[PDB]
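# Summary of the model geometry
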Amino acid sequence: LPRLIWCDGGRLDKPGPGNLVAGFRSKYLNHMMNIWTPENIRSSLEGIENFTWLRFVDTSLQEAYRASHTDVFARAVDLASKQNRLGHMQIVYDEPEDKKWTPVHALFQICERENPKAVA
Amino acid sequence: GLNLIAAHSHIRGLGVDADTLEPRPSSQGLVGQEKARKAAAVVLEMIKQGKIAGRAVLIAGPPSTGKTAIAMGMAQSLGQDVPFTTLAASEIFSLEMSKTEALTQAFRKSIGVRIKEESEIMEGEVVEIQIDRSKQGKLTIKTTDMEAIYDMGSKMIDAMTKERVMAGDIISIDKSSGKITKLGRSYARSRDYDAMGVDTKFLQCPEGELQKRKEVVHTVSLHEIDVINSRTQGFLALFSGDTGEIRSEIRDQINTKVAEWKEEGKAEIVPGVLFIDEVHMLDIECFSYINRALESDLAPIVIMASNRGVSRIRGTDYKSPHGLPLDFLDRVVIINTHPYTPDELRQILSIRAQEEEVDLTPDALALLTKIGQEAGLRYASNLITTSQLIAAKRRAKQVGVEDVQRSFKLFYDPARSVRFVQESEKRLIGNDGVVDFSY
Amino acid sequence: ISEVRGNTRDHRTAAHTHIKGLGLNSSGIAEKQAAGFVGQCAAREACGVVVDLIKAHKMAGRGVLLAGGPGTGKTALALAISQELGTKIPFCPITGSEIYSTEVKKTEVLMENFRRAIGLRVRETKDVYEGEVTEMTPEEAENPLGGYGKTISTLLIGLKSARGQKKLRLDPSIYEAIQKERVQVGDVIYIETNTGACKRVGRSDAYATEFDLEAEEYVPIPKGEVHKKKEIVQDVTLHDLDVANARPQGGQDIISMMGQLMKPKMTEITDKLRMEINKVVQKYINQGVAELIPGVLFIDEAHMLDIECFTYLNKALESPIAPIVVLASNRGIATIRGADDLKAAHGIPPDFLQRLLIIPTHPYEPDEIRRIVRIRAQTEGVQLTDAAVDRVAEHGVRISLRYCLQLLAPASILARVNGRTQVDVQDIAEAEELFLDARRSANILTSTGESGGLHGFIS
Amino acid sequence: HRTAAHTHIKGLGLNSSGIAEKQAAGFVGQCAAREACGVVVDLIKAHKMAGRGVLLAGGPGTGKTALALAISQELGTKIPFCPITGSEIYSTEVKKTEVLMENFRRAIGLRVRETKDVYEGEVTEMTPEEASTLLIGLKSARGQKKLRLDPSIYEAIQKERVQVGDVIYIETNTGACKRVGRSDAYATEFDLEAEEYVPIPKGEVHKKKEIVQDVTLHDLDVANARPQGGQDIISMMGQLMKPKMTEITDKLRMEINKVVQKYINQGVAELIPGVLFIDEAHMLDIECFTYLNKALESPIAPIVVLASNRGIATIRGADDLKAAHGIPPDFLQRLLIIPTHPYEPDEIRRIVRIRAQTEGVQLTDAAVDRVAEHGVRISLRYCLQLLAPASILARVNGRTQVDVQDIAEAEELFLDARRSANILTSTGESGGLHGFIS
Amino acid sequence: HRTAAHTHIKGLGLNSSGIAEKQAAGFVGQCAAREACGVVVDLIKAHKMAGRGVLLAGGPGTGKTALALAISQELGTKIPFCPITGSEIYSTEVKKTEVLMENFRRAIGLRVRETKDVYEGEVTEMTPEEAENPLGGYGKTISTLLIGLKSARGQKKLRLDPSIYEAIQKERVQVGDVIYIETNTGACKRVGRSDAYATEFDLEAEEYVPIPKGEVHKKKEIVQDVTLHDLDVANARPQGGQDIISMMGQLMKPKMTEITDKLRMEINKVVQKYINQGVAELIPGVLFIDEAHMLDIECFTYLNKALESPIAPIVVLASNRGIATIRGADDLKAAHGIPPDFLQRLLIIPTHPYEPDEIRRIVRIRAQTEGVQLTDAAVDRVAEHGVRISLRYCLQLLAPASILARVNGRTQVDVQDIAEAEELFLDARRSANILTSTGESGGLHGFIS
Ligand SMILES: Nc1ncnc2c1ncn2[C@@H]1O[C@H](COP(=O)(O)OP(=O)(O)O)[C@@H](O)[C@H]1O
Ligand SMILES: Nc1ncnc2c1ncn2[C@@H]1O[C@H](COP(=O)(O)OP(=O)(O)O)[C@@H](O)[C@H]1O
Ligand SMILES: Nc1ncnc2c1ncn2[C@@H]1O[C@H](COP(=O)(O)OP(=O)(O)O)[C@@H](O)[C@H]1O
Ligand SMILES: Nc1ncnc2c1ncn2[C@@H]1O[C@H](COP(=O)(O)OP(=O)(O)O)[C@@H](O)[C@H]1O
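Sequence order sets the numbers: each chain starts from 1, possibly unlike the entry numbering, and residues with no coordinates are not included. Chains carry letters from A onward and ligands carry numbers from 1 onward, assigned in written order. As shown, the structure covers only some chains of a larger assembly, and all values describe those chains. Hydrogens and water are ignored here; the side-chain numbers use all heavy atoms of the structure.

Turning our attention to the nonpolar core. One finds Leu-14, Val-43, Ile-47 and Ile-303 of chain B together with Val-373, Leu-384 and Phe-435 of chain C to be the most contacted residues of the largest nonpolar core, which totals 61 residues. Helix and strand definitions follow DSSP, with helices as H or I runs of at least four residues and strands as E runs of at least two, each counted in order from the N terminus. Considering every element that reaches this core, the biggest residue donor is helix α1 (residues 34–49) of chain B, with nine residues. Any pair of residues with heavy atoms lying within 4.5 Å of one another is described as a contacting pair. In this view, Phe-435 of chain C contacts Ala-39, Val-42, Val-43, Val-333, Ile-334 and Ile-335 of chain B together with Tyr-403, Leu-407, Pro-410 and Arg-440 of chain C; residues no more than four positions away in its chain are not counted. Residues enter a nonpolar core if they are buried and are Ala, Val, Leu, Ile, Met, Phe, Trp, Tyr or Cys, with the set joined through side-chain atoms within 4.5 Å. For every residue, the accessible area obtained with a 1.4 Å probe (protein chains only) is divided by the maximum for its type, and the residue is called buried under 20%, exposed over 50%, and partly exposed between those limits.

Encoded structure:
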């Protein structure tokens with residue numbers, strides 16, 4: 001390939017002289033006008049607004065923003081650094097008086113909090 | 001803004017005397033159709049009470065008789081208190097999933113789970129961080145109005161390091177999670193640098209107290225809880241789609257858990273409406289699923305509209321009324337809309353002319369009302385905005401008769417277009433592909 | 001945190017909410033009106049034997065057909081079976097429409113639902129120590145190893161639950177888990193005796209005030225005994241064992257982890273997995289540690305199955321571990337969905353029809369309709385005058401059972417918006433005019449849609 | 001420049017009153033249809049109306065696609081014009097309604113103005129100044145400048161392999177940076193190194209430029225649905241990792257509307273609703289038209305221009321239903337319909353002259369008359385195709401202009417479909433050795 | 001050992017003059033067709049013409065498939081013979097014209113000499129050296145590995161590239177292992193423990209292997225047989241490097257892809273260079289499309305392009321159909337079920353139905369091949385069924401009758417055993433009469449129609 005195509009702005013995503021679109025579009029579509037940035041999510045976090053569920057899915061605004069922007073390999077590495085603590089609660093919070101206790105910030109994480117595997 | 005003037009923008013509610021459900025002849029944008037509007041108001045009372053599960057209501061009638069207008073009016077007067085999922089029947093034909101799977105989703109979008117929550121959240125601009133790498137440390141953080149020093153635990157210092165927190169960052173700490181979010185930088189720090197990273201955002205500093213605590217009400221559909229549980233970060237699929245055919249033992253387990261949340265008062269269930277517009281585009285396999293789906297304790301009320309006469313049911317070769325199986329119609333009560341009278345047309349044209357802010361002369365509205373009687377409501381409605389643009393080329397203040405007349409000659413109504421096709425039989429391409437390009 | 005809703009917790013009502021059972025004597029004879037049923041006495045008696053067949057667990061892959069016109073109570077009878085069996089017996093209802101997955105061949109979908117309908121009950125003992133960690137304390141060994149700075153012979157852990165305190169004299173090797181799990185004093189943990197390891201549940205909320213900011217979720221102290229030994233009963237369908245084997249869940253590698261982050265498509269599981277599962281399941285049944293619970297697969301609108309589905313069910317029903325399959329159909333003489341030149345009764349292929357016990361459901365007499373109206377009214381909580389019961393039942397006879405039942409909720413509203421708690425003929429006469437039936441609406445299509453040029457129906 | 005079929009059409013050729021000139025901007029005739037298209041232009045430029053539908057209807061070769069392209073140019077480049085054929089809707093990758101929905105949003109534009117603050121120079125210094133903030137010194141032939149760097153753009157500069165003596169480009173507002181090379185003042189550090197030596201920038205080291213940037217609502221959808229570009233490196237494996245189109249949910253499109261409105265209120269972004277043109281609209285099936293009923297009723301929706309050349313024809317996907325234009329009658333009620341009529345002999349002569357002088361072909365007037373006869377008797381579209389061959393034939397005969405002999409020679413070399421149909425008839429007498437396969 | 005339908009066919013049975021011996025190499029008759037198939041064999045061995053088509057046209061059971069199998073044996077194992085049915089073209093993963101091209105390129109062989117340039121030895125020492133990446137975020141990285149390899153004859157210390165060290169990590173190498181490092185790929189293979197550590201007292205079944213003889217560094221010459229399709233596939237879904245794409249390509253599900261003509265023309269140039277370098281020779285072969293009537297109008301249209309390719313193989317089609325409808329072209333009927341257009345490209349070898357005495361002779365060849373002894377009355381009786389019913393039918397009786405004979409203790413099949421086989425095992429037409437006679441009545445005992 002000629003460097004005009006492969007290096008000097010024949011690739012649309014890579015910014016440089018002779019690709020003035022790419023640097024703008026990178027900032028605005030991934031940060032400014034991006035629904036997943038924490039400043040945008042926090043405006044919609046309530047009521048019947050579109051991120052209302054976020055309160056209960058066991059993830060932070062920072063983590064929601066990370067998962068929207070990193071690819072499935074990078075996310076899978078981050079997932080290595082995590083613990084099946086909702087599965088351990090199934091071992092521990094067990095009696096009727098424990099009332100199947102679940103962290104309210106993990107309330108919608110239903111199938112993780114109860115499945116046969118952890119008990120087995 | 002983004003909300004430009006659309007076809008149903010004038011419909012602001014159902015227009016009924018709420019204590020008695022009697023439709024007022026013209027109010028909230030709806031005109032006429034009192035029998036249909038009263039039946040729609042009774043359906044609202046079933047919806048708002050929520051005790052009745054899985055009624056199906058079909059709104060039937062000729063084209064341009066308010067079947068969508070009435071369903072939009074119900075959405076406007078039901079209010080965001082209750083889910084109102086609007087499904088075009090064409091959308092059920094997914095490649096990502098089964099037809100019945102796509103319907104199972106649309107049914108569950110229409111049932112809300114409502115939770116009321118106290119969240120305790122600290123947000124402020126970071127003044128400084130101190131660490132005793134002798135672990136412990138102190139965070140100094142401010143609003144415009146308050147400032148404090150906080151003792152940080154070691155795990156908090158680790159998380160602060162991982163988030164690369166520095167002075168001038170706006171951060172939030174969720175006390176329940178114990179998790180930091182870097183929200184951005186204060187506008188006061190805009191002068192720190194000559195070049196900024198792509199990911200950086202400026203904010204106003206937080207304001208009021210630091211450790212705000214708020215009563216929040218959350219309304220979440222059963223479909224959202226499905227998609228969240230479908231896979232490890234399924235909440236991403238809420239936006240991209242990409243759910244697949246969510247396995248039923250997930251849905252059964254979610255339904256069981258939501259029943260506990262109601263029993264314990266942790267949540268309330270908010271049944272809503274699914275409106276399936278142009279339902280005759282569903283096929284025989286769809287209707288068979290919907291038969292069983294309506295018979296469920298967590299079914300919404302389903303409303304649907306059709307304009308078909310006796311017509312072939314899709315997925316078979318016999319005809320039936322409305323295009324629907326008689327087996328299905330046995331579960332449905334039917335609301336019929338009717339054609340409008342000339343005086344009801346005159347009002348609807350006035351309502352539309354107001355929304356588009358067009359000043360019709362009385363004679364323009366008269367002529368335009370005749371056109372709507374002769375050529376259909378939508379056609380006359382389309383000539384309102386057209387005549388405005390033609391009058392503006394005259395720099396005229398009001399739409400005159402001549403502007404409606406010129407709009408009429410330039411734009412053919414359907415009946416005049418169908419005539420034009422017949423007179424052009426051999427120059428247009430027929431159903432057998434033959435055409436003659438010669439003069 | 002969550003604000004509890006304290007006011008009311010009443011049930012919704014749906015088309016079958018009145019059906020409570022088959023309504024049969026101890027002799028199995030049907031009572032003319034019981035458990036919400038009216039009539040169908042012969043069909044209820046036959047379904048009563050079906051319940052006894054299922055509950056006896058003797059037989060595999062028997063087929064039943066419910067046959068009869070629309071509205072004749074076929075799905076009501078299926079729901080009554082599910083209630084007679086109770087929630088311990090698996091009950092997997094589908095329509096024939098649900099088989100046409102886009103992800104897998106429709107015979108896999110049919111076999112999935114087929115093995116959802118088979119339950120397995122496994123009894124095991126759970127045996128764990130639990131608490132917040134009150135203390136961790138090494139004991140030096142009496143014979144320390146040469147060249148090593150410390151030799152530890154025991155690692156004492158104090159565990160506190162809400163109900164007691166215990167000093168666990170653990171084997172020293174648990175140091176591995178404590179380091180890797182980062183167990184502190186005050187963290188809630190369990191130790192499982194089948195491994196001797198430990199897992200960290202979290203930090204006890206007794207310490208939630210240690211700092212102004214900490215990245216901890218705080219968890220309550222366990223409200224059980226400090227030592228929890230008990231038997232636990234696990235209920236799984238054999239489909240759960242299929243998926244647990246074909247899509248293993250716990251994998252630590254990059255490919256497993258990318259897997260669990262992507263759309264989890266179902267896959268056309270092999271007969272040799274299912275057969276290998278069956279053979280090991282049968283081992284544990286013979287050991288007596290598991291018991292098989294054959295349930296019911298109910299296929300509604302079974303006329304929507306095509307001939308490829310039916311020819312597979314032939315094979316499936318012959319397998320030794322199979323549910324009872326209940327079909328329901330209403331299609332008279334009809335074309336088989338996949339064989340456009342074969343017409344048969346019920347729309348069921350004659351080859352397959354020979355397998356089924358067939359139960360007919362007949363139409364309802366006018367007096368049965370009237371009894372159902374009252375049962376349905378008292379289920380929706382509507383109060384009627386007796387003249388209103390008669391007028392409603394007249395629509396049931398003249399038009400449809402379903403139609404007349406559906407007017408009760410509209411009429412209830414029109415009554416109360418006139419200040420009346422009891423619905424009367426004047427309200428029924430308004431419900432029936434706001435809400436047409438299929439036939440009166442079809443008459444409008446014939447009359448107003450007599451032409452289509454404008455203001456006519458699209459046809 | 002190249003010459004496509006419509007390159008002579010510059011615009012609708014309307015007067016200030018909106019009356020069509022009998023011949024202007026490359027059109028001949030269609031005055032009624034051009035005037036009606038002029039009103040559609042006003043509807044588009046008066047930003048206030050969503051979801052108005054238009055139909056162009058008339059025979060093949062009567063100028064429907066010329067009229068849609070004339071609208072596009074009267075509308076200028078600012079406003080989105082999104083042309084598709086009804087045939088493009090049949091993706092194998094998402095349902096037809098998603099393909100229509102994506103094209104609805106490609107027609108709605110959002111204009112932003114950035115002041116791009118560009119620094120480009122040889123790196124003179126890279127000194128840390130924080131516990132991490134740098135000072136970068138940049139040099140050009142005209143001076144030096146030092147920039148305090150945000151810790152994150154510093155990492156961007158560090159992921160590029162920038163060192164002292166390199167030439168770099170920086171967008172200090174967007175946070176983009178590029179290594180252009182190593183400055184050729186260092187070209188003799190060694191006699192061989194695998195390095196790209198470039199001259200020091202001769203201009204000002206800092207440049208400020210006004211850029212008007214256009215995106216569409218669909219670009220926002222795509223960007224919010226999935227990690228894009230260099231964020232999604234694993235996409236290189238293909239198979240499951242390919243950036244497939246997905247069935248974007250309304251929940252996503254509603255969040256994008258909300259976030260976009262925020263930036264409109266702040267005046268950062270300017271909304272620009274445009275046109276979706278669906279040519280060959282009769283190729284849409286009954287399920288597509290059903291969705292277009294709903295889709296045109298959202299309050300953000302472009303103006304949709306259909307074209308059809310069908311008479312009474314079966315609706316695709318609904319064999320029982322026949323209607324005019326091949327458009328189901330339910331949907332035809334919504335549309336403003338413009339008829340396009342057949343051209344007359346003298347109008348054809350005029351279109352021929354316009355096409356000749358657009359292709360640069362010079363004709364004798366006898367050649368004009370002979371070509372125009374073929375438009376009357378065969379097809380306008382067949383006239384115009386003959387001009388380019390006849391120009392070649394003329395020049396190899398050494399002539400400076402096309403004449404009757406070159407037209408007559410071109411006619412014989414290049415048959416129309418009517419004469420070739422006569423050949424198919426006379427030769428297709430049998431499946432024998434010389435027969436066409438029937 | 002196992003005997004199939006064609007186990008007696010050994011070749012075309014031709015003279016050096018190219019004339020069919022009336023019974024040779026397992027054949028009886030088909031002499032004109034065997035002679036034509038001889039000329040096809042010689043067209044292939046000449047390896048000079050691309051893209052010539054042959055139709056074996058003739059009724060079912062007339063030996064069309066036997067002849068194609070005989071061609072394969074006359075060509076021998078050097079030449080690619082690629083047999084398919086038309087039913088195999090209908091992949092779900094890729095378009096039907098893709099599997100045509102794959103099979104066209106499986107029919108073209110290449111023999112190539114390859115130099116493996118390789119290191120071997122017992123690993124004596126192994127020591128990593130590291131880079132202090134400041135701001136990559138992934139932490140430190142190993143910059144090289146130093147490894148000591150010892151053979152019987154000599155020793156080296158290698159400073160390996162990081163991507164070759166990753167290969168050693170994948171191979172779980174330790175000090176004292178014997179390893180192989182192919183520098184072509186950068187792949188590493190662990191051969192075993194050195195025999196110097198040979199001890200019973202390890203729980204795992206280690207391969208204790210002797211120290212490599214010769215130098216640590218070697219060059220091996222290997223002659224490889226590949227097809228063009230193997231090269232296409234290798235380069236479409238790469239797996240040979242130690243880069244990250246190759247690494248992950250070994251973990252993802254195998255998947256066919258619609259390999260572009262750009263890749264195929266590029267691989268022609270690669271192979272042309274091996275030819276010009278003298279390391280390779282082209283071995284163009286033959287694609288046999290059995291059941292070619294099961295192709296469709298899109299396949300046949302594609303062959304009109306594909307057979308024009310200047311390296312296309314020889315294509316042999318078999319069809320058993322008279323005037324029949326072309327699939328996917330339901331209005332068009334033509335002889336053989338082949339479009340008239342594409343039929344003009346082929347040389348048609350018609351095959352003919354057998355005479356009673358040829359059938360009798362086939363029965364003996366086939367009986368000898370299955371290893372079963374018949375009386376002449378038995379051979380005559382079976383031959384009668386070959387005449388009256390079908391050759392295939394009469395040959396199917398030999399195996400049943402042998403068992404039935406052995407069951408009575410007689411080792412030789414006689415007429416009573418065939419007489420029993422006839423009644424246990426019906427032909428298609430006796431079964432079709434049972435259908436029709438019973439099909440007079442429905443009810444419980446009717447056949448389902
Ligand atoms: N009763 C009504 N009051 C006000 N506007 C109406 C009424 N009925 C129809 N319209 C308007 O006329 C147009 C066509 O009616 P609509 O209900 O959308 O058609 P359909 O009857 O085919 O569903 C829409 O713009 C709609 O808002
Ligand atoms: N014997 C009965 N007693 C009480 N209610 C019945 C009876 N049969 C039917 N119903 C009710 O009438 C309606 C029609 O019955 P359903 O089971 O839906 O008919 P089918 O399944 O045959 O279409 C349902 O609402 C059902 O609950
Ligand atoms: N009124 C006109 N004046 C000049 N050129 C025209 C006119 N109408 C059509 N053309 C040209 O003639 C050709 C045929 O018209 P086109 O618009 O493609 O037909 P269709 O209506 O079938 O799409 C095109 O090259 C177009 O540019
Ligand atoms: N000339 C022959 N000599 C010996 N065996 C033959 C001959 N022709 C056919 N057969 C055998 O008879 C059977 C039918 O021939 P086959 O090639 O399968 O027919 P088709 O043309 O249908 O492929 C095969 O077992 C084959 O080996």
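Tallying the contact residues gives 75 residues for chain C and 99 residues for chain B. Together, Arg-5, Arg-12 and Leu-213 of chain C form the three largest contributors to the area buried by chain C at its contact with chain B, with a combined 12%. We define a salt bridge as a contact between a side-chain nitrogen of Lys or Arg and a carboxyl oxygen of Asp or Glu at a distance within 4 Å. Linking chain C with chain B are 12 salt bridges, by the criterion used here. The shortest N-O distance in the salt bridge between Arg-292 of chain B and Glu-98 of chain C comes to 3.1 Å. Each polar contact in these results corresponds to two N or O atoms within 3.5 Å; when the atoms are within protein, one needs to be able to donate a hydrogen and the other to accept it, and residues that are neighboring in sequence are counted only if both atoms are side-chain atoms. Counting across the chain C and chain B interface gives 38 residue pairs in polar contact. Looking at the side of chain C that touches chain B, the elements that each hand over two or more residues are β4 (91–95), α5 (238–246), α6 (254–261), α12 (401–406), α13 (408–416), α14 (425–434) and α15 (438–448) of chain C. Basically, the charged four are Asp, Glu, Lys and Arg, the nonpolar ten are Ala, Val, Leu, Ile, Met, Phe, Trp, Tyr, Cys and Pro, and anything else, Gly included, counts as polar. When the residues that make up the side of chain C that touches chain B are grouped by side-chain class, the tally is 33 nonpolar, 18 polar and 24 charged. Summed over both partners, buried area is the accessible surface (1.4 Å probe) that two parts give up on being assembled.

The next point concerns the site of ligand 4. Residues and elements named next belong to chain E. When we say a residue is near a molecule or strand, we mean one of its heavy atoms is within 4 Å of it. Taken together, 18 residues lie near ligand 4, and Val-28, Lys-64, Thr-65, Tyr-354 and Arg-392 sit nearest. Separating an oxygen atom of ligand 4 from a side-chain N or O atom of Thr-65 is a distance of 2.5 Å. For ligand 4, an oxygen atom lies 2.6 Å from a polar atom in the side chain of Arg-392. Values of accessible area rely on a 1.4 Å probe in the Shrake-Rupley scheme; residue burial ignores everything except the protein chains shown. Burial of ligand 4 by the surrounding chains reaches 94%, relative to a free accessible area of 560 Å². Residue assignment for the shell around ligand 4 shows that the elements contributing at least two residues are β2 (27–28), α2 (64–75) and α12 (391–396).

A separate point is α5 of chain C. Within the span of α5 of chain C, buried status applies to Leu-238, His-239, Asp-242 and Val-243 of chain C. Buried residues along α5 of chain C cover an arc of 145° about the axis, so they all sit on one side. On its buried face, α5 of chain C is in contact with α7 (248–263) of chain B together with α3 (106–116), β5 (118–140), β11 (227–237) and α7 (271–287) of chain C. Think of the arc as the fan of directions from the helix axis to the C-beta atoms.

Next up on the list: the site of ligand 3. Residue and element names in this part refer to chain D. In the vicinity of ligand 3 there are 17 residues, among which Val-28, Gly-61, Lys-64, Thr-65 and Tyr-343 approach most closely. Contacts to ligand 3 include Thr-62, whose backbone N or O atom sits 3.5 Å from an oxygen atom. In the model, an oxygen atom of ligand 3 is placed 3.2 Å from a nitrogen or oxygen of the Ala-66 main chain. Against a free-state accessible area of 560 Å², the protein chains account for coverage of 93% of ligand 3. Secondary structure elements with two or more residues in the shell around ligand 3: β2 (27–28) and α2 (64–74). Tallied by class, residues from the shell around ligand 3 come to seven nonpolar, eight polar and two charged.

On to the state of the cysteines. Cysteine pairs can be linked by a disulfide, which is a covalent bond between their two sulfur atoms. To count as a disulfide, a pair of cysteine sulfur atoms needs to be within 2.5 Å. By the definition in use, this model includes zero disulfides over all chains. Of all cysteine sulfurs in the structure, the one in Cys-309 of chain C sits closest to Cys-92 of chain C, which takes part in no disulfide; the separation is 15 Å. Among the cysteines around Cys-31 of chain D, which has no disulfide bond, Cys-37 of chain D carries the closest sulfur, lying 12 Å off. Note on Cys-31 of chain D: relative accessible area 26%, which makes it partly exposed.

Moving on: the interface of chain D and chain B. Taken residue by residue, the interface counts 97 residues in chain D and 79 residues in chain B. Between chain D and chain B, the buried area comes to about 7500 Å², and carbon and sulfur atoms account for 56% of it. Residues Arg-164 of chain B and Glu-155 of chain D are paired through a salt bridge, measuring 2.6 Å at the closest nitrogen-oxygen approach. One can count 43 residue pairs in polar contact joining chain D with chain B. Element by element, the count of residues in the side of chain D that touches chain B is highest for helix α6 (residues 250–265) of chain D, at eight residues. Looking at the side of chain D that touches chain B, its residues break down into 42 nonpolar, 29 polar and 26 charged.

Moving on, we come to the packing of α1 of chain B against α13 of chain C. Only the stretch in contact is used when fitting a helix axis, every axis being a line fitted to C-alpha atoms; angles between N-to-C directions are given from 0 to 180 degrees. Look at α1 of chain B against α13 of chain C: their axes get within 10 Å of each other, and the N-to-C directions meet at 95°. Comparing the axis directions of α1 of chain B and α13 of chain C gives the class roughly perpendicular. Between α1 of chain B and α13 of chain C, the residues in contact are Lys-38, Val-42, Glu-45, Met-46 and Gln-49 of chain B and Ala-409, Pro-410, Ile-413, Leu-414 and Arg-416 of chain C, respectively. Considering only residue class, the contact of α1 of chain B with α13 of chain C consists of six nonpolar, one polar and three charged. Under this scheme an angle from 65 to 115 degrees is roughly perpendicular, one under 35 degrees roughly parallel, and one over 145 degrees roughly antiparallel; angles in between are oblique.

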